[PDB]
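# Remarks on the overall topology
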Amino acid sequence: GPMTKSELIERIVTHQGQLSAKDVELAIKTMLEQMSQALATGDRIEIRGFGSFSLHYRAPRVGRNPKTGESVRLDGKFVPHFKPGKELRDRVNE
DNA sequence: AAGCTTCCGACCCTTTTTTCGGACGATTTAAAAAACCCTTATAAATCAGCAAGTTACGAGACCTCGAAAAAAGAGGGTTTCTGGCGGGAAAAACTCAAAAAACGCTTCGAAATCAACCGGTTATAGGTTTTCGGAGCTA
């Protein structure tokens, strides 16, 4: 089955129990907040080994509903993007 | 006159100090015993170096007992080091709950993509050098 954030909390807490469990979740949800905020402010998120996690742009377009098929105008906007770093790349490549 | 209380004399018994006598030791003096001297020509000892045979004194050894010293064993005590148990506070699992947040339905058309190779970006592993904190110290 899949791992979740709720399961990360406990597994980190087992492999780093010497830190307070709640200092751990505190840390971990603040650091997710930090990276998401960095994206929301239009910034890189670059690291080594892991990879880099970044932003991309979409131009305005006339899309419209898969259900109803009714014209919908859309303005230009940004979206997150992620490229895996060659260390993680090869770790996940069986 | 009677009863109670307090001295006083008589005495009984044992311990402590003094005096006297007796005994023993030491010293002195006198008496007794052993000894020294004076007469001897003749008999026996003196001694010379070495051999041949013997031993009185020394050395070695062991035992025996007793005592002395040392070592062990015992007992008295104090200081401290550790372990077990008990108790309060914090953490984190456990239980209870909502509200988001994701997922699916479901996308035809818009990105995402990998591939190889160049130059360029930059997070940061690693190392290098240095303020802050604490060492307590001392009255």
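Here is what the cut-offs are and how they apply
- Residues numbered from 1 in each chain as written, not as in the entry; some residues may be left out.
- Chains lettered and ligands numbered in written order.
- Part of a larger assembly, values for the part shown.
- Heavy atoms only, no water.
- Residues with missing side-chain atoms left out of burial classes, pairs and counts.
- Helix = DSSP H or I, 4+ residues; strand = E, 2+ residues; numbered from the N terminus.
- Rg over C-alpha atoms; globule rule 2.2 N^0.38 Å.
- Contact = heavy atoms within 4.5 Å.
- Expected span 1.5 Å × (residues − 1).

Structure determination for the deposited model, as stated in its record, used cryo-EM, and the stated resolution is 3.48 Å.

Looking only at helices and strands, one finds three helices and four strands in chain A. Secondary structure elements of chain A, listed N to C terminal, follow the sequence α-α-β-β-β-β-α. Here the C-alpha atoms of chain A give a radius of gyration of 19 Å, more than 25% beyond the 12 Å that 2.2 N^0.38 yields for 94 residues. Long-range contacts, defined as pairs at least 24 residues apart, comprise 44% of the intrachain contacts of chain A with a sequence gap of at least 6.

In this section: helix α2 (residues 21-40). With 20 residues, α2 should cover 28 Å at 1.5 Å per step; its first-to-last C-alpha distance of 28 Å lies within 8% of that length. Of the residues flanking the end of α2, it is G42, one or two places downstream, whose phi is positive at about 80°.

Another point: the environment of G63. For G63, the position within the fold is in strand β2 (residues 61-64). In this structure, the C-alpha to C-alpha distance between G63 and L74, residues 11 residues apart in sequence, is 7.1 Å. Apart from the residues within four sequence positions on either side, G63 is in contact with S71 and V72.

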